[PDB]
Amino acid sequence: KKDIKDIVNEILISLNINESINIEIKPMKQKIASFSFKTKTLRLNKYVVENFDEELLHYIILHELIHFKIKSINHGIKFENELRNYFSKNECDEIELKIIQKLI
Amino acid sequence: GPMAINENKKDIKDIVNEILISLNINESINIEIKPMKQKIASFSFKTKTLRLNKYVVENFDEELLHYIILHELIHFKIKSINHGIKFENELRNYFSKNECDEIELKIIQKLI
Ligand SMILES: [Cl-]
Ligand SMILES: [Cl-]
Ligand SMILES: [Cl-]
Ligand SMILES: [Zn+2]
Ligand SMILES: [Zn+2]
């Protein structure tokens, strides 16, 4: 029900990001979501945006915007500490299983 | 340093046949590798068709392709679209819960 750009904007602010980005919602044949550090563009797969539950979208957007905040493409302790401000390890396990069950 | 030679990609049909053998499935299946917008893999009981996303088949490592195909073919073996204890029983002959979480995270992080 909540517009996808409103969700992205809420996450940019809750992550305390103060660098403007571009948001593109488009069909994507190779990915669900991506972030270009060169053009500061967040790309979200249109089908996923229109068909995945809000919590899965939250997790997906957080993944990309945490990379942008910490200026790292890796998923170690700096990434994990940012994600833990939103979802516990057990909550991430449940979301990750739900995303897989939507793909296969 | 010199890059270690990226080993010859196993043909998708060979990955499928190895799983049908290990799962002891002698029912015939159709394999469709096509662009898919909604999923990366599916299985139709109506036509006995394993559907695989074309970009995924051409770019994912063997370990991820094996896991994805194994998931669909376990459903076909147990004659259930669900992930009950009968699904877990077949999957556990291949991977522990921790190993499944690891591979599933690699799949997710190929797409996000
Ligand atoms: Cl694309
Ligand atoms: Cl980039
Ligand atoms: Cl283990
Ligand atoms: Zn990432
Ligand atoms: Zn399934």
# chains A, B, ... in the order shown; residues from 1 in each chain; ligands from 1
>>> residues_around(residues="residue 67 (chain B)", least_positions_apart="6", cutoff="10 Å", atoms="only C-alpha atoms", output="list in words")
residues 19, 73, 91, 94, 95, 100, 103, 104 and 107 of chain B
>>> residues_around(residues="residue 48 (chain B)", least_positions_apart="3", cutoff="10 Å", atoms="only C-alpha atoms", output="list in words")
residues 27, 28, 29, 30, 31, 43, 44, 45, 51 and 76 of chain B
>>> write_last_selection(atoms="N, CA and C atoms", output="compact mmCIF listing (two decimals), in the first residue's frame")
# COMPACT_ATOMS: atom_id res chain seq x y z
N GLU B 27 11.20 -40.76 -13.50
CA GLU B 27 10.14 -40.17 -14.30
C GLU B 27 10.79 -39.18 -15.24
N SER B 28 10.32 -39.13 -16.48
CA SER B 28 10.83 -38.20 -17.49
C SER B 28 10.44 -36.76 -17.15
N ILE B 29 11.32 -35.79 -17.42
CA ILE B 29 11.00 -34.38 -17.20
C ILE B 29 11.40 -33.56 -18.43
N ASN B 30 10.80 -32.39 -18.56
CA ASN B 30 11.15 -31.42 -19.59
C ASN B 30 11.99 -30.35 -18.92
N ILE B 31 13.00 -29.83 -19.61
CA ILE B 31 13.85 -28.76 -19.09
C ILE B 31 13.66 -27.54 -19.99
N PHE B 43 8.82 -25.59 -11.00
CA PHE B 43 8.55 -26.94 -11.44
C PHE B 43 7.06 -27.07 -11.60
N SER B 44 6.62 -27.55 -12.77
CA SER B 44 5.20 -27.76 -13.00
C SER B 44 4.89 -29.25 -12.93
N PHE B 45 4.04 -29.68 -11.98
CA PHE B 45 3.62 -31.08 -11.88
C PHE B 45 2.71 -31.47 -13.06
N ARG B 51 11.60 -25.41 -14.96
CA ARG B 51 11.87 -24.13 -15.64
C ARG B 51 13.01 -23.42 -14.94
N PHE B 76 9.32 -32.68 -6.66
CA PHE B 76 8.85 -33.67 -7.61
C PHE B 76 8.95 -35.07 -7.02
>>> interface_residues(of="chain A", to="chain B", cutoff="10 Å", atoms="only C-alpha atoms", output="number ranges by chain")
A: 27-35, 43-48, 51, 60-61, 63-64, 75, 93, 96-97, 99-104
>>> residues_near_ligand(ligand="ligand 3", cutoff="9 Å", atoms="only C-alpha atoms and all ligand atoms", output="ChimeraX atom specification")
/B:95-99
>>> select_by_dssp(residues="chain B", states="strand (DSSP E)", output="PyMOL selection string")
chain B and resi 30-34+41-44+49-53
>>> residues_near_ligand(ligand="ligand 2", cutoff="12 Å", atoms="only C-alpha atoms and all ligand atoms", output="ChimeraX atom specification")
/A:34-43,64,67-68,71-73
>>> residues_around(residues="residue 54 (chain A)", least_positions_apart="2", cutoff="12 Å", atoms="only C-alpha atoms", output="PyMOL selection string")
chain A and resi 1-4+6-8+48-52+56-61+95+98-99
>>> atom_distance(atom1="CA of residue 85 (chain A)", atom2="CA of residue 18 (chain A)")
18.0 Å
>>> atom_distance(atom1="CA of residue 106 (chain B)", atom2="CA of residue 65 (chain B)")
11.2 Å
>>> select_by_dssp(residues="chain A", states="helix (DSSP H, G or I)", output="ChimeraX atom specification")
/A:4-14,46-51,54-70,77-83,89-103
>>> residues_around(residues="residue 66 (chain A)", least_positions_apart="2", cutoff="8 Å", atoms="only C-alpha atoms", output="CSV table (one decimal) with N, CA, C and O atoms, in the first residue's frame")
chain,number,residue,atom,x,y,z
A,15,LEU,N,18.6,5.8,8.3
A,15,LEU,CA,20.0,5.4,8.3
A,15,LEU,C,20.9,6.6,8.5
A,15,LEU,O,22.1,6.4,8.5
A,62,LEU,N,17.4,-1.8,2.5
A,62,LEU,CA,18.4,-1.7,3.6
A,62,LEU,C,19.8,-2.2,3.1
A,62,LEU,O,20.8,-1.6,3.3
A,63,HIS,N,19.8,-3.4,2.5
A,63,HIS,CA,21.0,-4.0,2.0
A,63,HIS,C,21.8,-3.0,1.1
A,63,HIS,O,23.0,-2.8,1.4
A,64,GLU,N,21.1,-2.5,0.1
A,64,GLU,CA,21.8,-1.5,-0.8
A,64,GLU,C,22.2,-0.2,-0.1
A,64,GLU,O,23.3,0.3,-0.4
A,68,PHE,N,25.9,1.8,0.7
A,68,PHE,CA,26.1,3.2,0.4
A,68,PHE,C,26.6,4.0,1.7
A,68,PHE,O,27.5,4.8,1.5
A,69,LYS,N,25.9,3.8,2.8
A,69,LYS,CA,26.3,4.5,4.1
A,69,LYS,C,27.7,4.2,4.5
A,69,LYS,O,28.5,5.1,4.9
A,70,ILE,N,28.1,2.9,4.6
A,70,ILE,CA,29.4,2.5,5.1
A,70,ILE,C,30.5,2.5,4.1
A,70,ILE,O,31.6,2.2,4.4
A,79,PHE,N,28.6,-3.9,8.2
A,79,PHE,CA,27.3,-4.0,7.5
A,79,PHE,C,26.3,-4.6,8.4
A,79,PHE,O,25.2,-4.0,8.6
A,82,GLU,N,24.9,-2.2,11.2
A,82,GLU,CA,23.9,-1.3,10.6
A,82,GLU,C,22.5,-2.0,10.5
A,82,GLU,O,21.5,-1.5,10.8
A,83,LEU,N,22.5,-3.3,9.9
A,83,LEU,CA,21.3,-4.1,9.7
A,83,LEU,C,20.6,-4.5,11.0
A,83,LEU,O,19.4,-4.5,11.1
